[PDB]
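The block underneath contains the structure these notes are about, expressed in structure tokens.
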Amino acid sequence: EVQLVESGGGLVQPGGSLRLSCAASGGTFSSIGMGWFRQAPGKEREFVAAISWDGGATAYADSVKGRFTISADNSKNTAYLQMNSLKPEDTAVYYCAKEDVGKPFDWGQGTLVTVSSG
Amino acid sequence: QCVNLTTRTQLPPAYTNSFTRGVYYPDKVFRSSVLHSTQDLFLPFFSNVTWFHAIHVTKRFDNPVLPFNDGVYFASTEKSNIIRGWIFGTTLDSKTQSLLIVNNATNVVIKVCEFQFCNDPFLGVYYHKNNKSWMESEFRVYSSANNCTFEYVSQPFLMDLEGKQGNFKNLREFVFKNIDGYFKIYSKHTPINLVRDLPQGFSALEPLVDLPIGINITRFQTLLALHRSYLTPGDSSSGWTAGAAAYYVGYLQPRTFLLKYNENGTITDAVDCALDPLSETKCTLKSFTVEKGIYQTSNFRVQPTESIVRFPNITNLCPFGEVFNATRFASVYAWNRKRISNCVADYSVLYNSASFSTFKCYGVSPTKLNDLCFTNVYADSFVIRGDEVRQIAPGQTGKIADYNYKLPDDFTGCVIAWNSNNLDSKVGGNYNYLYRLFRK
Amino acid sequence: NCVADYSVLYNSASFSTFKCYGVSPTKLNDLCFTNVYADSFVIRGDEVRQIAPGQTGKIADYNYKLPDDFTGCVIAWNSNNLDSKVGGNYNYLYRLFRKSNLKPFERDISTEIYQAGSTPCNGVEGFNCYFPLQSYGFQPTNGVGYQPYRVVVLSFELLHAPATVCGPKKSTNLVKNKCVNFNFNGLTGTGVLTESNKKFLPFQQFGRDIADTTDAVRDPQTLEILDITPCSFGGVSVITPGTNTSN
Amino acid sequence: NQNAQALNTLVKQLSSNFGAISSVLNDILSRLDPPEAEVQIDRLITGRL
Amino acid sequence: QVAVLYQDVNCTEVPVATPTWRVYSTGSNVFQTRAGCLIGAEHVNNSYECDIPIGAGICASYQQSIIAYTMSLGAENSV
Ligand SMILES: *[C@@H]1O[C@H](CO)[C@@H](O[C@@H]2O[C@H](CO)[C@@H](O)[C@H](O)[C@H]2NC(C)=O)[C@H](O)[C@H]1NC(C)=O
Ligand SMILES: *[C@@H]1O[C@H](CO)[C@@H](O)[C@H](O)[C@H]1NC(C)=O
Ligand SMILES: *[C@@H]1O[C@H](CO)[C@@H](O)[C@H](O)[C@H]1NC(C)=O
Ligand SMILES: *[C@@H]1O[C@H](CO)[C@@H](O)[C@H](O)[C@H]1NC(C)=O
Ligand SMILES: *[C@@H]1O[C@H](CO)[C@@H](O)[C@H](O)[C@H]1NC(C)=O
Ligand SMILES: *[C@@H]1O[C@H](CO)[C@@H](O)[C@H](O)[C@H]1NC(C)=O
């Protein structure tokens, strides 16, 4: 059982900010990259963001271009994701998924984040 | 600005055989009465060459495209000056820069610039009653000129204002090469009159120019000149006015040529190497007159057709991660060793990490580490400060390399190191790691 | 088509790395070359050691691979005073992924989306489908490890072809009929030069039957065929009736 | 003929670089500084020997 | 015209290991001898003098074609 610790998931007002974190250990000590996916109620899984483990290259989806910031600390071995301008549609459950050389994207249990004005 | 005029008539192809032509000087040096044998991108003496015929004089219009394929041996004969130039380009549009080589009476222009060409480009000239002269103002070949890269102007060459009537056909024979960003245009102007367009007499080519431009062109076109003619209304004929032409195109194949230089420096003739066994004997003795006897020319061998490799299908992975995912490493004074055997394990995953500071290897270059395989794979690990990571190597000294862990001089393997102060440090220092400092 | 005074490279003395290959560094100006290729780019200081023959890594594997037979110089120096932007410079990019290692001196410009994973993405960026280019991000605060280093690679070309680039040297008259090595716009002439004829087609420059008898003085203003021959070397023998008979 | 052949081979051995960067020594002298000119010249010396 | 001769190999694998070379590789007058697989020369039962030597008592000569035979030992006479 490969364990990824997801922290930061919680309620947030529309147009807010957040800092989600996926921590990991193992994975044959070496991987290729880390990623974040989201799944909304009544909707399937979809790609959100990705960062290669070797270089600082970043990949963002069209719906999140220019408003998120995904980085990672190799020394801390943890991927950080910064959320700004939280739209109401962003209410979903986010997974951190780790693809490795010829290996699937470690699918954690995921964490629920809801965008509401309450 | 431009008018599209297409045609439906297509001419059939034809082929013939080259006999001897296609010999050029392979160097800029001068040798006399020498039998120097040179290896170069020549063409075989007996080769098949494609023959094409231009517009046929009711009228037939066509425009073919021929592959380049590492140079072209070109031969042509024209006298009406219908051929004005050529256009070269993979797409012949504004996507990529296009080459235009045009020869006119005033000068010769080689323009490497982005030109927007039409489906059927052509050039036209006409005559003016008021000017009492001819001019060429129909620039329908290109529509716009942007992103200019190169422009070369040279004096016209290989054109004589000679007026004669009869069988005075003039043969033009060029060789086009493009290597190392250099375009070489060898040529030989030899006026020979004979019924067949391809003669028999030997000739030697000379270099003409050398363009220091590097560009790959796959498809080209040869343009034509259209002369406007005034016809009576009863004629009711217009649309196309041109002449007739034909040419030969051949390819070059790299091989060796034993070349005979005349005392004046020219080439009397030459003999191929792989044409026939007699040619092989002639080349192996560097002579043209071989006396009777048996000569050993070369060796022959049977080449393999496929490769065969097999290994067990179990392919159980060995724990290369065990010595890499390990949470705690032993101190260098007590370096831990892990045996690896009876497995299969790629070594490109270490590349996929790219997190190692030093991947320096000895004995075996890790570009194809996984290609071979070994009697035994040994994994040793320890922790030292990055000061002396350099000295964990064959033939190295120092306290780390002389008291704790020393590689043999005949060592064969990789050395892998990285920085992990995150996992093995704490505020106030981490005192778990101890290294031997003194020994007899 | 010009003379190249490489001495000015030492005169500046502000270059961090100058180590050259296949040619003398200090007396570089004393010769001539068929062509001089000047390649220029900018990379990180910790990776300047990668621009060298037989070097592997990121830059030498994925953007600019130097050939083994390379005969020329490599040059680098600091660029902070001219290429440092507050908040990080993002104008510069270096390729990160490739299908295979480049051939020597190749130039890869295509920006096709790389397929890092096993899931094809038909040329659309996404999860583990990355844009191959990536910015350096020169923080002015960053130390010598991550500084912007400008690199100029000079690639010479030594052959028997007409040498267009040449060193300064000097200017004086010409002499013949006495064996002496000298220079005349790129000549060696270690031997005696004669006013031969050696009828040669007006395109060649050199000449030899086995080793060297070159001619055609390299002066663009004046051309003349000068034969090259040695100046009568020979052994010496001694005849002695005998030391105990006479002297 | 035999002797000529032998002689014709001997001179022809000067055009072989034997692993050096050039087959002529003047280019080596004008090319490499003595620290590496010595190592580049040793190959020619041993080949010609 | 010439006639090539291979080393101690069988006549079967000659074609496996330009058009003139292809014709020689195929062969229509294949001759097999313990010296090798020589081709392009007709084999004639009678014996002549030695002209061009090949291994194991075989000699090739020109007569408007090249022929390979077993060399004779000289005129035979009984005293
Ligand atoms: C991570 O490292 C461990 C080594 O500590 C690898 O093997 C584990 O070994 C421990 C104890 O020997 C046991 O828990 C299991 O046998 C292994 N797995 C885990 C999860 O601990 C482990 O394989 C490495 N991780 C990967 C993905 O290879
Ligand atoms: C060679 O040059 C001489 C010099 O005058 C000339 O007479 C002769 O015709 C030339 N021969 C050829 C084949 O060019
Ligand atoms: C591959 O090896 C395995 C070993 O158990 C076995 O299935 C068989 O020998 C091989 N498979 C096939 C299909 O031949
Ligand atoms: C030379 O002549 C003298 C005079 O007789 C004699 O003593 C001597 O042995 C001779 N030989 C030499 C080598 O001196
Ligand atoms: C060559 O191969 C054929 C094929 O069977 C065989 O009959 C013949 O004996 C072989 N030749 C020799 C010399 O063994
Ligand atoms: C020559 O020998 C061959 C082989 O035995 C035989 O077939 C032929 O009849 C003989 N005579 C002639 C004239 O070929």
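FYI, nothing fancy with the structure tokens labels: chains A, B, ... in order, residues from 1 per chain, ligands from 1 as they appear.
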Taking the DSSP assignment computed from this structure's backbone, write out as a PyMOL selection string all residues of stretch 141-267 of chain B that belong to strand (DSSP E). chain B and resi 142-154+171-179+182-190+204-211+220-222+225-227+246-250+255-261+267
Could you list, as an mmCIF file with C-alpha atoms, in the first residue's frame, every residue within 12 Å of residue A:19, counting only C-alpha atoms and ignoring same-chain residues fewer than 5 positions away?
```cif
data_model
loop_
_atom_site.group_PDB
_atom_site.id
_atom_site.type_symbol
_atom_site.label_atom_id
_atom_site.label_comp_id
_atom_site.auth_asym_id
_atom_site.auth_seq_id
_atom_site.Cartn_x
_atom_site.Cartn_y
_atom_site.Cartn_z
ATOM 1 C CA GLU A 6 -3.264 14.823 1.283
ATOM 2 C CA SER A 7 -3.602 17.967 3.395
ATOM 3 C CA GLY A 8 -5.410 21.269 2.962
ATOM 4 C CA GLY A 9 -8.725 19.949 1.650
ATOM 5 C CA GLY A 10 -11.594 21.879 3.186
ATOM 6 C CA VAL A 12 -13.444 27.741 1.094
ATOM 7 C CA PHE A 68 -3.003 27.902 -9.983
ATOM 8 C CA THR A 69 0.629 27.305 -9.050
ATOM 9 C CA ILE A 70 1.911 23.737 -8.653
ATOM 10 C CA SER A 71 5.448 23.156 -7.388
ATOM 11 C CA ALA A 79 4.051 18.474 -3.982
ATOM 12 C CA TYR A 80 2.389 21.806 -3.170
ATOM 13 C CA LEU A 81 -0.525 23.356 -5.065
ATOM 14 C CA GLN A 82 -1.672 26.972 -4.726
ATOM 15 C CA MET A 83 -5.282 27.850 -5.560
ATOM 16 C CA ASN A 84 -6.551 31.360 -6.292
ATOM 17 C CA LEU A 86 -11.873 29.743 -6.584
ATOM 18 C CA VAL A 113 -13.044 20.664 -1.350
#
```
Around ligand 1, which protein and nucleic acid residues have at least one atom no more than 10 Å from it, if we count only C-alpha atoms and all ligand atoms? List them as a PyMOL selection string. (chain A and resi 1-3+25-31+100) or (chain B and resi 319-328)
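Near chain B, counting only C-alpha atoms at 8 Å, the chain C residues are residues 160, 161, 198, 199, 200, 201, 203, 204, 205, 206, 207, 208 and 209 of chain C.
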The selected residues should be written to file as an mmCIF file, in the first residue's frame (atoms: N, CA, C and O atoms).
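The result, stored in out-v1.cif:
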```cif
data_model
loop_
_atom_site.group_PDB
_atom_site.id
_atom_site.type_symbol
_atom_site.label_atom_id
_atom_site.label_comp_id
_atom_site.auth_asym_id
_atom_site.auth_seq_id
_atom_site.Cartn_x
_atom_site.Cartn_y
_atom_site.Cartn_z
ATOM 1 N N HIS C 160 42.689 21.639 -47.164
ATOM 2 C CA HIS C 160 43.514 22.228 -48.207
ATOM 3 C C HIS C 160 42.746 23.227 -49.060
ATOM 4 O O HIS C 160 43.309 23.772 -50.015
ATOM 5 N N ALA C 161 41.479 23.477 -48.736
ATOM 6 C CA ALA C 161 40.667 24.413 -49.487
ATOM 7 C C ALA C 161 41.156 25.843 -49.264
ATOM 8 O O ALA C 161 41.894 26.114 -48.314
ATOM 9 N N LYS C 198 54.214 24.208 -65.221
ATOM 10 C CA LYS C 198 53.231 23.298 -64.633
ATOM 11 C C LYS C 198 51.803 23.716 -64.985
ATOM 12 O O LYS C 198 51.003 24.090 -64.127
ATOM 13 N N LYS C 199 51.512 23.678 -66.286
ATOM 14 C CA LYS C 199 50.224 24.132 -66.802
ATOM 15 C C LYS C 199 49.073 23.486 -66.048
ATOM 16 O O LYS C 199 48.909 22.263 -66.065
ATOM 17 N N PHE C 200 48.278 24.320 -65.385
ATOM 18 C CA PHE C 200 47.229 23.870 -64.482
ATOM 19 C C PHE C 200 45.943 24.630 -64.770
ATOM 20 O O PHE C 200 45.973 25.822 -65.088
ATOM 21 N N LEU C 201 44.820 23.928 -64.664
ATOM 22 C CA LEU C 201 43.528 24.516 -65.002
ATOM 23 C C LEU C 201 43.180 25.619 -64.009
ATOM 24 O O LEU C 201 43.263 25.399 -62.796
ATOM 25 N N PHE C 203 41.555 26.750 -61.783
ATOM 26 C CA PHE C 203 40.717 26.636 -60.594
ATOM 27 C C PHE C 203 41.426 26.032 -59.394
ATOM 28 O O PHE C 203 40.963 26.238 -58.267
ATOM 29 N N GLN C 204 42.520 25.296 -59.577
ATOM 30 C CA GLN C 204 43.201 24.634 -58.478
ATOM 31 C C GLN C 204 44.089 25.621 -57.720
ATOM 32 O O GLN C 204 44.380 26.725 -58.184
ATOM 33 N N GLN C 205 44.515 25.208 -56.532
ATOM 34 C CA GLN C 205 45.392 26.002 -55.675
ATOM 35 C C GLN C 205 46.644 25.255 -55.243
ATOM 36 O O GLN C 205 47.716 25.858 -55.175
ATOM 37 N N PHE C 206 46.539 23.965 -54.955
ATOM 38 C CA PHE C 206 47.665 23.180 -54.480
ATOM 39 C C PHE C 206 48.221 22.324 -55.615
ATOM 40 O O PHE C 206 47.838 22.464 -56.780
ATOM 41 N N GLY C 207 49.145 21.431 -55.274
ATOM 42 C CA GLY C 207 49.699 20.505 -56.241
ATOM 43 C C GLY C 207 50.687 19.538 -55.622
ATOM 44 O O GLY C 207 51.567 19.949 -54.861
ATOM 45 N N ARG C 208 50.553 18.253 -55.939
ATOM 46 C CA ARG C 208 51.461 17.250 -55.404
ATOM 47 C C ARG C 208 51.350 15.981 -56.233
ATOM 48 O O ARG C 208 50.281 15.656 -56.754
ATOM 49 N N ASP C 209 52.471 15.272 -56.347
ATOM 50 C CA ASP C 209 52.495 13.956 -56.971
ATOM 51 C C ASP C 209 52.504 12.827 -55.951
ATOM 52 O O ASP C 209 51.826 11.814 -56.150
#
```
Can you tell me which residues come within 8 Å of ligand 3 when counting only C-alpha atoms and all ligand atoms, ideally as a ChimeraX atom specification? /B:312-314
Filtering to C-alpha atoms, could you give me those residues as an mmCIF file, in the first residue's frame?
```
data_model
loop_
_atom_site.group_PDB
_atom_site.id
_atom_site.type_symbol
_atom_site.label_atom_id
_atom_site.label_comp_id
_atom_site.auth_asym_id
_atom_site.auth_seq_id
_atom_site.Cartn_x
_atom_site.Cartn_y
_atom_site.Cartn_z
ATOM 1 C CA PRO B 312 13.710 -17.067 -19.207
ATOM 2 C CA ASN B 313 10.142 -15.763 -19.240
ATOM 3 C CA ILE B 314 9.883 -15.466 -15.439
#
```
List all protein, DNA and RNA residues that have an atom no more than 12 Å from any atom of ligand 5, counting only C-alpha atoms and all ligand atoms, and report them as JSON, numbers by chain. {"E": [7, 8, 9, 10, 11, 12, 13, 14, 31, 32, 33, 34, 35, 36, 37]}
Could those residues be written to a file, using N, CA, C and O atoms, as a CSV table (one decimal), in the first residue's frame?
```csv
chain,number,residue,atom,x,y,z
E,7,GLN,N,37.1,-19.1,-52.9
E,7,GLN,CA,38.0,-20.0,-52.1
E,7,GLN,C,37.2,-21.3,-51.9
E,7,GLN,O,36.2,-21.6,-52.5
E,8,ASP,N,37.7,-22.1,-50.9
E,8,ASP,CA,37.2,-23.4,-50.7
E,8,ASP,C,35.8,-23.3,-50.2
E,8,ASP,O,35.5,-23.6,-49.0
E,9,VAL,N,34.8,-22.9,-51.0
E,9,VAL,CA,33.4,-22.8,-50.7
E,9,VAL,C,32.6,-23.6,-51.7
E,9,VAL,O,33.1,-23.9,-52.8
E,10,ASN,N,31.4,-24.0,-51.3
E,10,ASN,CA,30.6,-24.8,-52.2
E,10,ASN,C,29.9,-23.8,-53.2
E,10,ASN,O,29.8,-22.6,-53.0
E,11,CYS,N,29.5,-24.4,-54.3
E,11,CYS,CA,28.8,-23.6,-55.4
E,11,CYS,C,27.4,-23.2,-55.0
E,11,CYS,O,26.8,-22.4,-55.7
E,12,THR,N,26.8,-23.7,-53.9
E,12,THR,CA,25.4,-23.4,-53.6
E,12,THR,C,25.3,-22.0,-53.1
E,12,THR,O,24.3,-21.3,-53.5
E,13,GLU,N,26.2,-21.5,-52.2
E,13,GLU,CA,26.0,-20.3,-51.5
E,13,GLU,C,26.6,-19.1,-52.2
E,13,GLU,O,26.7,-18.0,-51.6
E,14,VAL,N,27.1,-19.3,-53.4
E,14,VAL,CA,27.7,-18.2,-54.2
E,14,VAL,C,26.8,-17.0,-54.4
E,14,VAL,O,27.1,-15.8,-54.2
E,31,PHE,N,31.6,-24.2,-62.5
E,31,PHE,CA,32.6,-25.3,-62.4
E,31,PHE,C,33.0,-25.5,-61.0
E,31,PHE,O,33.4,-24.5,-60.3
E,32,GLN,N,33.0,-26.7,-60.5
E,32,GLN,CA,33.3,-27.0,-59.1
E,32,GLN,C,34.6,-27.8,-59.1
E,32,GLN,O,34.7,-28.8,-59.7
E,33,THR,N,35.6,-27.3,-58.3
E,33,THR,CA,36.9,-27.9,-58.1
E,33,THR,C,37.3,-27.8,-56.7
E,33,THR,O,36.9,-26.9,-56.0
E,34,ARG,N,38.2,-28.7,-56.2
E,34,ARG,CA,38.7,-28.6,-54.9
E,34,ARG,C,39.5,-27.4,-54.5
E,34,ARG,O,39.7,-27.1,-53.3
E,35,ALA,N,39.9,-26.6,-55.5
E,35,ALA,CA,40.5,-25.3,-55.3
E,35,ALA,C,39.5,-24.2,-55.0
E,35,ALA,O,39.8,-23.3,-54.3
E,36,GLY,N,38.3,-24.4,-55.4
E,36,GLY,CA,37.2,-23.4,-55.2
E,36,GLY,C,36.1,-23.5,-56.2
E,36,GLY,O,36.0,-24.5,-56.9
E,37,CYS,N,35.3,-22.5,-56.3
E,37,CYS,CA,34.1,-22.5,-57.2
E,37,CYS,C,34.4,-21.4,-58.2
E,37,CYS,O,34.0,-20.2,-58.0
```
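Near ligand 4, the residues found within 12 Å are residues 241, 242, 243, 244, 245 and 246 of chain C (criterion computed using only C-alpha atoms and all ligand atoms).
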Would you write out, as JSON lines, a table of all residues in chain E that have an atom no more than 9 Å from an atom of chain B, listing for each the closest atom pair and the distance in Å to one decimal, considering only C-alpha atoms and ordering rows by chain and rising residue number?
```
{"residue": "E:1", "atom": "CA", "partner": "B:278", "partner_atom": "CA", "distance": 7.6}
{"residue": "E:2", "atom": "CA", "partner": "B:278", "partner_atom": "CA", "distance": 6.4}
{"residue": "E:3", "atom": "CA", "partner": "B:277", "partner_atom": "CA", "distance": 8.3}
{"residue": "E:4", "atom": "CA", "partner": "B:277", "partner_atom": "CA", "distance": 7.2}
{"residue": "E:6", "atom": "CA", "partner": "B:300", "partner_atom": "CA", "distance": 8.4}
{"residue": "E:13", "atom": "CA", "partner": "B:302", "partner_atom": "CA", "distance": 8.6}
{"residue": "E:16", "atom": "CA", "partner": "B:302", "partner_atom": "CA", "distance": 7.0}
{"residue": "E:17", "atom": "CA", "partner": "B:302", "partner_atom": "CA", "distance": 5.1}
{"residue": "E:18", "atom": "CA", "partner": "B:275", "partner_atom": "CA", "distance": 5.3}
{"residue": "E:19", "atom": "CA", "partner": "B:275", "partner_atom": "CA", "distance": 8.0}
{"residue": "E:20", "atom": "CA", "partner": "B:276", "partner_atom": "CA", "distance": 5.9}
{"residue": "E:21", "atom": "CA", "partner": "B:276", "partner_atom": "CA", "distance": 5.9}
{"residue": "E:24", "atom": "CA", "partner": "B:276", "partner_atom": "CA", "distance": 9.0}
{"residue": "E:51", "atom": "CA", "partner": "B:293", "partner_atom": "CA", "distance": 8.4}
{"residue": "E:52", "atom": "CA", "partner": "B:293", "partner_atom": "CA", "distance": 5.6}
{"residue": "E:53", "atom": "CA", "partner": "B:294", "partner_atom": "CA", "distance": 7.5}
{"residue": "E:54", "atom": "CA", "partner": "B:294", "partner_atom": "CA", "distance": 8.1}
```
Considering only C-alpha atoms, state which residue in the set B:430, B:396, B:353, B:342 is at the smallest distance from chain A. B:353
